[PDB]
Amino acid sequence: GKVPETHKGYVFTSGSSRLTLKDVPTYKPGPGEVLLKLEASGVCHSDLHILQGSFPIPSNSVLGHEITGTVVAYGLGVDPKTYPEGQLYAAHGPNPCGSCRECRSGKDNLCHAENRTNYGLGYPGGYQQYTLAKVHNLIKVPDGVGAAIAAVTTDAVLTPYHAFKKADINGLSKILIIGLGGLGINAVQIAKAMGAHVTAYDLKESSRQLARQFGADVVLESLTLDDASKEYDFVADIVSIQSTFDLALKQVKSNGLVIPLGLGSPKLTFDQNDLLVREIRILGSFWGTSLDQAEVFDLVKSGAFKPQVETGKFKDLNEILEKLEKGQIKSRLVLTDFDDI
């Protein structure tokens, strides 16, 4: 059908707690690009850190970085035959240039080439009715994967997956996972699938119930900095606020590994005496690469990864974001029904 000249888009402005729905000129696809009519857009906590200030990005942007849609317009170099009408596609969040040094080494999650940015961090995001995508950054969603699970596997599944491959854990590893939410429950599933013994914490009774439901060999209901160390091979702190980071660096093994996978706090402090004497390793992990994306989609098709999404109204995004901050969402949430504006 006909692509419109203007669509509705949630615009962020540096200084406002809420997103403003506005009228955006629908983008015309550049060379090597297409226009996606959004089918499902995942809501992510990082967007609350943006709206709150703790992760600053350019103003006057459309947020949203968990993107799934169909191609409805084609730029130069894209042959319409290559990308058929009706086919569901998922976008590679980081939106890599695909030809720079970070990209060509793998590590295209870390692209910082100057003619693009990460989705929902400047480049027009998922909280709108249409957005651009470079063809190189689109993956065909395998039949049987719903649009909503497909959206959230680009970040809620992808990110802990990339981090856990960093962790090089296996059936003899014993790992700890702090914070069990959108990423967290996927984190449990993928650690369990890699084979590791898993223990999981999260304040929400619902989220611990999901983790016990998902194979977490131990779902703890408490965790104080006087519960002596169980010397895990690997701690994934997926909230990463000073409270949980302190807990993690006490609970990890000598010469162990801690990944602060969350953006709970823009600064973070560690005991240096201990870090040094026990040769602790803290590793940054950011999103995941496009190879990682191909792999996780394979595993979601295989039923190994079974993401836990819920649908919601596009028009309700702001309200939905409110309930995310108060933590009244079971696992992740995804906007659908974009034509209800």
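Residues carry their position along the shown sequence, with the first being 1.
Two stretches are in play, 62 to 70 and 303 to 311, and the higher mean C-alpha B-factor belongs to 303 to 311.
With 48 to 56 and 270 to 278 compared on mean CA B-factor from the PDB entry, the stretch scoring higher is 48 to 56. Comparing the C-alpha B-factors of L158, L88, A113, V219 in the entry, the top value falls on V219. Within the listed group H92, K134, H162, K204, the record reports its top CA B-factor for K204.
Among the modelled residues of the chain, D168 sits in the middle third by CA temperature factor in this PDB entry.
In the deposited entry, the Cα temperature factor of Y127 places it in the middle third of its chain's modelled residues. Among all modelled residues in this chain, the alpha-carbon of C97 has a temperature factor (C-alpha) in the lowest third.
Ranked against the other modelled residues of its chain, the C-alpha B-factor of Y119 as given in the entry falls in the lowest third.
Looking at the C-alpha B-factors along this chain, the one for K192 belongs to the highest third.
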